[PDB]
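Undergrad: Okay, here's the structure, questions in a sec.
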Amino acid sequence: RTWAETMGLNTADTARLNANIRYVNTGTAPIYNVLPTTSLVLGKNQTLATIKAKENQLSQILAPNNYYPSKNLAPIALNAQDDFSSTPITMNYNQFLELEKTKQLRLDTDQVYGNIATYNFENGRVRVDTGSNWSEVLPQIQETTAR
Amino acid sequence: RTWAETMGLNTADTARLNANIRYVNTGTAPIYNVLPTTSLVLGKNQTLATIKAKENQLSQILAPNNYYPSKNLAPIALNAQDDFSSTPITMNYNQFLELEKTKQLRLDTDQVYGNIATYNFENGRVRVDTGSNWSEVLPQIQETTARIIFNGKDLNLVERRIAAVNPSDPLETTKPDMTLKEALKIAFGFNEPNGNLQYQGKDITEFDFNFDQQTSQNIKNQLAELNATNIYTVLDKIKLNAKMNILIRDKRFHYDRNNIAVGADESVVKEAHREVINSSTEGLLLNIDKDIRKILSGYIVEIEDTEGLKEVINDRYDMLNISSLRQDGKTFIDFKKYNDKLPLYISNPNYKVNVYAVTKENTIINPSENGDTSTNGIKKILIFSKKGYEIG
Amino acid sequence: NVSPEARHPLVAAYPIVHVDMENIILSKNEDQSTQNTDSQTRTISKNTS
Amino acid sequence: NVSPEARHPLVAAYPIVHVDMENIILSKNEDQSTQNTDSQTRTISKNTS
């Protein structure tokens with residue numbers, strides 16, 4: 001009679017990641033179809049990944065002084081790297097050992113995509129134009145205005 | 001002759017998921033091509049995955065007060081995370097032991113995508129514009145209208161929005177003046193058949209008014225200038241404004257945090273439990289009103305001797321669901337379906353019968369500590385006391 | 001499909017959608033296997049002392 | 001939704017979005033395997049000497 005036991009590994013794919021995030025608009029005007037580019041930094045300035053948010057993590061409206069999702073709801077998960085969300089964010093053996101010891105991991109926000117909604121003078125409606133984003137507008141404000 | 005047996009595992013993909021979901025539209029206008037974003041939360045706020053609905057789970061039309069799929073049809077499955085529905089929703093080993101232990105998993109609804117169908121004046125048709133979604137419209141309705149929630153139809157909350165005037169926006173000061181009487185008369189269907197504001201039968205003073213912090217500040221300013229104290233006489237003079245929440249409930253019952261009718265008072269339980277239609281060992285086809293019958297737990301019989309004591313047949317926490325429903329409006333409170341398919345124990349026709357009931361602010365939802373598996377810490381109301389020669 | 005009380009101009013017509021779960025079906029991804037074996041040895045041991 | 005501070009021509013209306021992380025969930029990608037064997041032998045030794 002024999003008992004056996006086997007525990008395998010792969011030292012470039014040792015762990016995965018699943019970051020629970022939430023968006024905040026502390027501004028003045030709403031932003032539609034929000035898709036932030038965000039990077040998971042381990043240690044001081046060692047970056048594991050950079051993920052533009054996929055279609056699962058898209059915020060349709062973000063009014064000023066609002067959240068997505070709202071504070072009575074649990075945060076959204078960010079666990080994909082592929083454009084179709086079929087490849088997990090991973091880390092190797094040296095990154096996984098240092099993360100268990102120091103537990104230093106943070107989340108930068110490099111940039112934010114999102115569209116603008118304009119008034120339509122014919123029928124009074126407000127229609128998001130999916131051709132122009134706020135990255136055309138926001139550098140024009142920071143060069144003409146005083147903060 | 002050698003026999004073997006092997007098992008394997010992986011501590012990052014140790015389980016899969018499959019969520020049977022159903023959509024409800026309790027609004028006022030249909031939404032086409034519905035794709036909700038939704039999130040599977042383990043425990044308190046640990047999110048497993050966020051899934052926008054894929055092509056298999058698209059609802060082409062969702063009329064108000066309708067479901068996708070229908071109520072006679074089984075729900076739809078959500079078992080994909082990839083955009084092409086090729087990748088399942090997995091769990092690691094620590095999220096799997098916690099789910100088999102505690103059995104806690106909910107499903108939030110972060111947002112809803114869906115289109116708008118508009119009238120074509122050319123050929124009179126209705127065509128879904130796939131460039132316009134409802135998310136451009138709902139943040140404009142919510143900032144220029146007042147909201148009123150009212151539960152006088154089958155004790156369920158109906159939410160309606162009414163265009164009121166904002167005094168700090170020049171386009172919004174063109175809309176006509178909205179008073180609190182007129183806002184009820186066009187949204188829910190009140191009237192005044194004898195000069196008093198009324199629902200179907202009930203006077204308006206049978207309800208109560210609860211506001212939010214910002215709204216109740218503005219109502220007190222309107223009542224000081226009218227030299228009024230009671231709000232129920234100046235209902236045709238309170239001007240509504242933009243971003244007002246007003247809650248109108250039935251005064252007779254109790255309400256929990258989600259404003260659902262869950263408890264009653266001691267006087268209402270004897271108003272619709274007065275007459276009895278038939279009396280026997282088996283039949284309680286009674287005229288239980290639709291208000292209290294959704295908020296009660298069940299019924300409790302009580303044996304009463306000649307000298308007087310307290311004997312309960314259904315003296316258990318799970319022997320109280322004796323509520324069957326026929327097709328005549330009389331809820332059939334059966335006696336024998338928890339009694340081994342045997343008739344009830346009656347030893348003397350001189351012994352009378354007493355029947356009671358419990359609401360849901362006194363109904364517990366878990367077994368107690370040592371020996372309270374019964375009706376010990378359950379307070380009731382006296383309902384039924386007649387002599388045992390008229391029932392038998 | 002717009003409900004008849006929303007056909008006043010001052011009343012807004014808009015949907016309110018929410019999803020509710022009815023069953024959760026988790027399936028444990030675990031692989032398992034069995035095996036049989038029938039060995040038959042025939043020895044011809046010769047000794048020369 | 002343009003807030004009433006910015007319904008003036010001389011005040012810009014623009015969003016300030018940032019993302020904050022409230023949990024990190026890391027899953028060790030490791031595979032475990034156990035195996036049990038039973039085996040019986042019936043040896044009939046014969047010798048002519």
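By convention in this document, the chains of the structure tokens carry letters A, B, ... by their order, each chain's residues are numbered from 1, and ligands are numbered from 1 in the order they are shown.
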Any idea what's packed within 9 Å of region 333-338 of chain B, counting only C-alpha atoms, ignoring anything in its chain fewer than 6 positions away? Could you give it as an MDAnalysis selection string?

TA: chainID B and resid 281:286 298:299 301 314 319:325 344

Undergrad: For region 37-47 of chain D, please output as a ChimeraX atom specification all residues within 12 Å (counting only C-alpha atoms; exclusion window: fewer than 5 positions along the same chain).

TA: /A:1-4 /B:1-6 /C:33-47

Undergrad: For chain B against chain C, which residues fall within 9 Å using only C-alpha atoms, given as a PyMOL selection string?

TA: chain B and resi 1-10+13-31+36+38+62-64+75+96+105-109+111-112+134+137-138+141+145+160-164+175-176+183+186-189

Undergrad: With 6 Å as the limit and counting only C-alpha atoms, what residues in chain A lie close to chain D? Please list them as a PyMOL selection string.

TA: chain A and resi 1-9+14-29

Undergrad: If you keep N, CA, C and O atoms, can you produce a file of those selected residues as an mmCIF file, in the first residue's frame?

TA:
```
data_model
loop_
_atom_site.group_PDB
_atom_site.id
_atom_site.type_symbol
_atom_site.label_atom_id
_atom_site.label_comp_id
_atom_site.auth_asym_id
_atom_site.auth_seq_id
_atom_site.Cartn_x
_atom_site.Cartn_y
_atom_site.Cartn_z
ATOM 1 N N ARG A 1 0.853 -1.178 0.000
ATOM 2 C CA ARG A 1 0.000 0.000 0.000
ATOM 3 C C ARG A 1 0.890 1.229 0.000
ATOM 4 O O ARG A 1 1.854 1.295 0.766
ATOM 5 N N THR A 2 0.573 2.198 -0.852
ATOM 6 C CA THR A 2 1.465 3.321 -1.079
ATOM 7 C C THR A 2 0.668 4.615 -1.086
ATOM 8 O O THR A 2 -0.369 4.707 -1.741
ATOM 9 N N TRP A 3 1.148 5.602 -0.341
ATOM 10 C CA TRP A 3 0.642 6.960 -0.407
ATOM 11 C C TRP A 3 1.628 7.799 -1.202
ATOM 12 O O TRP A 3 2.835 7.715 -0.978
ATOM 13 N N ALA A 4 1.122 8.602 -2.133
ATOM 14 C CA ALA A 4 1.975 9.484 -2.913
ATOM 15 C C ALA A 4 1.397 10.888 -2.899
ATOM 16 O O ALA A 4 0.220 11.091 -2.599
ATOM 17 N N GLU A 5 2.238 11.855 -3.252
ATOM 18 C CA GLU A 5 1.879 13.261 -3.165
ATOM 19 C C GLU A 5 2.825 14.056 -4.047
ATOM 20 O O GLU A 5 4.028 13.816 -4.026
ATOM 21 N N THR A 6 2.284 15.005 -4.811
ATOM 22 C CA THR A 6 3.068 15.711 -5.818
ATOM 23 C C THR A 6 2.605 17.158 -5.900
ATOM 24 O O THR A 6 1.404 17.413 -5.989
ATOM 25 N N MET A 7 3.548 18.101 -5.861
ATOM 26 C CA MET A 7 3.241 19.529 -5.855
ATOM 27 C C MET A 7 4.112 20.244 -6.878
ATOM 28 O O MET A 7 5.301 20.462 -6.635
ATOM 29 N N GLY A 8 3.518 20.643 -8.004
ATOM 30 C CA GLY A 8 4.239 21.265 -9.092
ATOM 31 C C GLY A 8 4.148 22.782 -9.068
ATOM 32 O O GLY A 8 3.434 23.372 -8.275
ATOM 33 N N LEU A 9 4.884 23.405 -9.981
ATOM 34 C CA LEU A 9 5.043 24.854 -9.999
ATOM 35 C C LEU A 9 5.543 25.235 -11.386
ATOM 36 O O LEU A 9 5.868 24.370 -12.198
ATOM 37 N N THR A 14 3.923 31.923 -11.373
ATOM 38 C CA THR A 14 3.643 31.355 -10.060
ATOM 39 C C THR A 14 2.334 31.854 -9.479
ATOM 40 O O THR A 14 1.636 31.101 -8.797
ATOM 41 N N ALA A 15 1.977 33.104 -9.723
ATOM 42 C CA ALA A 15 0.775 33.654 -9.130
ATOM 43 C C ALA A 15 0.027 34.475 -10.158
ATOM 44 O O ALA A 15 0.566 34.844 -11.199
ATOM 45 N N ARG A 16 -1.231 34.748 -9.861
ATOM 46 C CA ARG A 16 -2.056 35.620 -10.673
ATOM 47 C C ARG A 16 -2.450 36.830 -9.845
ATOM 48 O O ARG A 16 -2.097 36.944 -8.676
ATOM 49 N N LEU A 17 -3.173 37.756 -10.462
ATOM 50 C CA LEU A 17 -3.594 38.960 -9.768
ATOM 51 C C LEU A 17 -5.021 39.304 -10.153
ATOM 52 O O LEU A 17 -5.463 39.030 -11.269
ATOM 53 N N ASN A 18 -5.735 39.914 -9.213
ATOM 54 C CA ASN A 18 -7.117 40.327 -9.432
ATOM 55 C C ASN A 18 -7.351 41.551 -8.553
ATOM 56 O O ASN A 18 -7.642 41.414 -7.367
ATOM 57 N N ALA A 19 -7.227 42.734 -9.139
ATOM 58 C CA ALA A 19 -7.288 43.973 -8.383
ATOM 59 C C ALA A 19 -8.707 44.518 -8.370
ATOM 60 O O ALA A 19 -9.327 44.661 -9.425
ATOM 61 N N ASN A 20 -9.211 44.836 -7.183
ATOM 62 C CA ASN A 20 -10.536 45.420 -7.022
ATOM 63 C C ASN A 20 -10.395 46.936 -6.995
ATOM 64 O O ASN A 20 -9.778 47.487 -6.082
ATOM 65 N N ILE A 21 -10.970 47.612 -7.987
ATOM 66 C CA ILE A 21 -10.778 49.042 -8.172
ATOM 67 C C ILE A 21 -12.135 49.737 -8.192
ATOM 68 O O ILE A 21 -13.182 49.102 -8.232
ATOM 69 N N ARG A 22 -12.094 51.067 -8.185
ATOM 70 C CA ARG A 22 -13.283 51.909 -8.190
ATOM 71 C C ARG A 22 -12.881 53.298 -8.667
ATOM 72 O O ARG A 22 -11.814 53.790 -8.312
ATOM 73 N N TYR A 23 -13.735 53.924 -9.472
ATOM 74 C CA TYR A 23 -13.413 55.201 -10.096
ATOM 75 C C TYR A 23 -14.105 56.337 -9.356
ATOM 76 O O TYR A 23 -15.191 56.160 -8.809
ATOM 77 N N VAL A 24 -13.466 57.509 -9.331
ATOM 78 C CA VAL A 24 -13.977 58.685 -8.630
ATOM 79 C C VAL A 24 -13.875 59.880 -9.562
ATOM 80 O O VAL A 24 -12.815 60.113 -10.144
ATOM 81 N N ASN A 25 -14.954 60.653 -9.688
ATOM 82 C CA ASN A 25 -14.951 61.900 -10.456
ATOM 83 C C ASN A 25 -15.136 63.065 -9.495
ATOM 84 O O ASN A 25 -16.262 63.400 -9.131
ATOM 85 N N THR A 26 -14.035 63.715 -9.129
ATOM 86 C CA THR A 26 -14.062 64.895 -8.277
ATOM 87 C C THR A 26 -14.008 66.185 -9.076
ATOM 88 O O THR A 26 -13.475 67.187 -8.594
ATOM 89 N N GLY A 27 -14.550 66.188 -10.278
ATOM 90 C CA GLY A 27 -14.377 67.296 -11.190
ATOM 91 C C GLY A 27 -15.622 68.140 -11.309
ATOM 92 O O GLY A 27 -16.323 68.391 -10.326
ATOM 93 N N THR A 28 -15.907 68.574 -12.533
ATOM 94 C CA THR A 28 -16.935 69.569 -12.770
ATOM 95 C C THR A 28 -17.903 69.184 -13.885
ATOM 96 O O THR A 28 -19.035 69.673 -13.890
ATOM 97 N N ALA A 29 -17.523 68.287 -14.786
ATOM 98 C CA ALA A 29 -18.327 67.889 -15.927
ATOM 99 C C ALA A 29 -18.290 66.374 -16.046
ATOM 100 O O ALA A 29 -17.296 65.754 -15.662
#
```

Undergrad: Could you go through region 15-127 of chain A and tell me which residues DSSP, when run on the backbone, assigns to alpha helix (DSSP H), listing them as a PyMOL selection string?

TA: chain A and resi 93-102

Undergrad: Can I get the selection written as a short mmCIF file (atom, residue, chain, number, x, y, z; two decimals), in the first residue's frame, with C-alpha atoms?

TA:
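The file below, result-v6.cif, is the result:
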```cif
data_model
loop_
_atom_site.label_atom_id
_atom_site.label_comp_id
_atom_site.auth_asym_id
_atom_site.auth_seq_id
_atom_site.Cartn_x
_atom_site.Cartn_y
_atom_site.Cartn_z
CA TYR A 93 8.59 33.57 -8.51
CA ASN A 94 10.77 36.47 -7.39
CA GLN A 95 7.88 38.93 -7.60
CA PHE A 96 5.62 36.57 -5.66
CA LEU A 97 8.11 36.03 -2.84
CA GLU A 98 8.74 39.75 -2.35
CA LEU A 99 5.01 40.50 -2.41
CA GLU A 100 4.36 38.12 0.48
CA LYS A 101 7.06 39.74 2.61
CA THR A 102 6.76 43.50 2.16
#
```

Undergrad: Using only C-alpha atoms, determine which residues of chain A fall within 6 Å of chain B; present them as JSON, numbers by chain.

TA: {"A": [56, 69, 74, 76, 77, 84, 85, 86]}

Undergrad: If you keep N, CA and C atoms, can you produce a file of those selected residues as a JSON list (two decimals), in the first residue's frame?

TA:
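So the final result, stored in result-v5.json, reads:
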```json
[["chain", "number", "residue", "atom", "x", "y", "z"],
["A", 56, "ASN", "N", -15.31, 44.85, -19.85],
["A", 56, "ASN", "CA", -15.94, 44.53, -18.58],
["A", 56, "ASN", "C", -15.82, 45.67, -17.58],
["A", 69, "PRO", "N", -18.36, 51.47, -9.19],
["A", 69, "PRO", "CA", -19.79, 51.48, -8.89],
["A", 69, "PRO", "C", -20.04, 52.22, -7.60],
["A", 74, "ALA", "N", -20.15, 46.58, -4.32],
["A", 74, "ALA", "CA", -18.78, 46.11, -4.22],
["A", 74, "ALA", "C", -17.98, 46.53, -5.45],
["A", 76, "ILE", "N", -15.25, 46.60, -8.74],
["A", 76, "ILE", "CA", -15.15, 45.81, -9.95],
["A", 76, "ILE", "C", -13.78, 45.16, -9.99],
["A", 77, "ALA", "N", -13.70, 44.03, -10.69],
["A", 77, "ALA", "CA", -12.49, 43.25, -10.78],
["A", 77, "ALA", "C", -11.75, 43.58, -12.06],
["A", 84, "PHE", "N", -9.42, 40.75, -25.36],
["A", 84, "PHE", "CA", -10.71, 40.10, -25.27],
["A", 84, "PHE", "C", -10.96, 39.50, -23.89],
["A", 85, "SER", "N", -10.12, 39.84, -22.91],
["A", 85, "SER", "CA", -10.18, 39.33, -21.54],
["A", 85, "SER", "C", -10.12, 37.80, -21.50],
["A", 86, "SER", "N", -8.99, 37.27, -21.96],
["A", 86, "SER", "CA", -8.78, 35.83, -21.90],
["A", 86, "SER", "C", -7.36, 35.48, -21.48]]
```

Undergrad: Could you pull out the strand (DSSP E) residues of region 175-386 of chain B from DSSP and send them as a PyMOL selection string?

TA: chain B and resi 207-211+245-250+254-255+261-263+285-286+300-304+323-325+331-333+352-356

Undergrad: Would you save the residues from that selection as a short mmCIF file (atom, residue, chain, number, x, y, z; two decimals), in the first residue's frame, using N, CA and C atoms?

TA:
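And here's out_4.cif as it stands now:
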```
data_model
loop_
_atom_site.label_atom_id
_atom_site.label_comp_id
_atom_site.auth_asym_id
_atom_site.auth_seq_id
_atom_site.Cartn_x
_atom_site.Cartn_y
_atom_site.Cartn_z
N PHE B 207 -52.51 58.15 4.53
CA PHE B 207 -51.12 57.95 4.18
C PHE B 207 -50.24 58.92 4.97
N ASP B 208 -48.93 58.69 4.94
CA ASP B 208 -47.98 59.56 5.60
C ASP B 208 -46.88 59.97 4.62
N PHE B 209 -46.23 61.09 4.91
CA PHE B 209 -45.27 61.70 4.00
C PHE B 209 -43.90 61.75 4.66
N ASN B 210 -42.91 61.13 4.02
CA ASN B 210 -41.53 61.18 4.45
C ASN B 210 -40.68 61.76 3.33
N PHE B 211 -39.86 62.74 3.65
CA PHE B 211 -38.96 63.37 2.71
C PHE B 211 -37.52 62.99 3.04
N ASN B 245 -37.22 64.28 -3.49
CA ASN B 245 -37.65 62.92 -3.20
C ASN B 245 -38.78 62.99 -2.19
N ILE B 246 -39.88 62.30 -2.46
CA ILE B 246 -41.05 62.27 -1.60
C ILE B 246 -41.52 60.83 -1.51
N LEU B 247 -41.77 60.36 -0.29
CA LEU B 247 -42.17 58.98 -0.06
C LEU B 247 -43.53 58.96 0.61
N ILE B 248 -44.47 58.22 0.02
CA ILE B 248 -45.86 58.19 0.46
C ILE B 248 -46.22 56.74 0.74
N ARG B 249 -46.39 56.40 2.01
CA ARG B 249 -46.65 55.02 2.41
C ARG B 249 -48.02 54.89 3.05
N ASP B 250 -48.50 53.66 3.13
CA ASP B 250 -49.72 53.40 3.89
C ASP B 250 -49.40 53.48 5.38
N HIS B 254 -46.01 48.52 9.24
CA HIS B 254 -44.63 48.79 9.63
C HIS B 254 -43.72 48.62 8.42
N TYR B 255 -42.61 49.35 8.41
CA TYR B 255 -41.68 49.32 7.29
C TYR B 255 -40.26 49.15 7.80
N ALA B 261 -43.34 46.57 3.45
CA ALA B 261 -44.28 46.26 4.51
C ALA B 261 -43.95 44.90 5.09
N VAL B 262 -43.49 44.89 6.34
CA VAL B 262 -43.06 43.66 7.00
C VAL B 262 -43.72 43.45 8.36
N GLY B 263 -44.42 44.44 8.90
CA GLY B 263 -45.11 44.27 10.17
C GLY B 263 -46.39 45.07 10.17
N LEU B 285 -61.01 28.60 4.80
CA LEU B 285 -61.07 29.43 3.61
C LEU B 285 -61.59 30.80 4.04
N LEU B 286 -60.68 31.71 4.38
CA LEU B 286 -61.03 32.94 5.06
C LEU B 286 -60.75 34.13 4.15
N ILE B 300 -51.21 29.53 13.66
CA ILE B 300 -50.97 28.69 14.83
C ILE B 300 -52.31 28.37 15.47
N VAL B 301 -52.60 27.08 15.64
CA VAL B 301 -53.81 26.61 16.31
C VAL B 301 -53.48 26.46 17.79
N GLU B 302 -54.49 26.56 18.64
CA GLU B 302 -54.32 26.40 20.08
C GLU B 302 -55.47 25.59 20.65
N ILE B 303 -55.14 24.47 21.29
CA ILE B 303 -56.11 23.62 21.97
C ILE B 303 -56.43 24.27 23.30
N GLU B 304 -57.71 24.31 23.66
CA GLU B 304 -58.14 24.91 24.91
C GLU B 304 -59.09 23.95 25.61
N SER B 323 -50.06 27.34 4.95
CA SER B 323 -50.80 28.27 4.10
C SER B 323 -50.80 27.74 2.67
N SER B 324 -51.92 27.15 2.26
CA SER B 324 -52.16 26.76 0.88
C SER B 324 -53.07 27.79 0.22
N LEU B 325 -53.00 27.88 -1.11
CA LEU B 325 -53.72 28.90 -1.85
C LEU B 325 -54.57 28.25 -2.94
N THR B 331 -57.47 32.07 1.18
CA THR B 331 -56.23 31.34 1.38
C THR B 331 -56.46 30.15 2.31
N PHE B 332 -56.26 28.95 1.77
CA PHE B 332 -56.63 27.70 2.42
C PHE B 332 -55.61 27.36 3.50
N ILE B 333 -55.97 27.62 4.75
CA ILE B 333 -55.10 27.32 5.89
C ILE B 333 -55.43 25.90 6.32
N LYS B 352 -62.96 23.85 22.79
CA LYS B 352 -63.04 24.82 21.72
C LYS B 352 -61.71 24.91 20.98
N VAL B 353 -61.71 25.65 19.88
CA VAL B 353 -60.51 25.83 19.06
C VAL B 353 -60.17 27.31 19.00
N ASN B 354 -58.87 27.62 19.01
CA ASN B 354 -58.37 28.99 18.94
C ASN B 354 -57.21 29.03 17.95
N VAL B 355 -57.29 29.94 16.98
CA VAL B 355 -56.30 30.05 15.91
C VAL B 355 -55.68 31.44 15.96
N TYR B 356 -54.35 31.51 15.82
CA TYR B 356 -53.62 32.77 15.85
C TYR B 356 -52.66 32.90 14.67
#
```

Undergrad: At what distance in Å, to one decimal, does CA of residue 76 (chain B) lie from CA of residue 58 (chain A)?

TA: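 The value is 23.2 Å.
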
Undergrad: Can you measure CA of residue 10 (chain A) to CA of residue 92 (chain A) for me? One decimal in Å is fine.

TA: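 Rounded to one decimal, the two atoms are 8.3 Å apart.
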
Undergrad: Could you check how far CA of residue 318 (chain B) sits from CA of residue 343 (chain B), in Å to one decimal?

TA: 19.2 Å

Undergrad: So that I can see what lies close to residue 317 (chain B), please list as a list in words the residues with an atom at most 8 Å from it, counting only C-alpha atoms and leaving out residues fewer than 3 positions away in the same chain.

TA: residues 320, 367, 373, 374 and 375 of chain B

Undergrad: Let's have the selection written as a short mmCIF file (atom, residue, chain, number, x, y, z; two decimals), in the first residue's frame, with C-alpha atoms.

TA:
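Output below, filename result17.cif:
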```
data_model
loop_
_atom_site.label_atom_id
_atom_site.label_comp_id
_atom_site.auth_asym_id
_atom_site.auth_seq_id
_atom_site.Cartn_x
_atom_site.Cartn_y
_atom_site.Cartn_z
CA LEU B 320 -46.06 27.14 10.80
CA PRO B 367 -32.91 28.28 15.12
CA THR B 373 -37.17 25.34 18.42
CA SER B 374 -40.78 26.22 19.25
CA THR B 375 -43.09 29.18 19.88
#
```
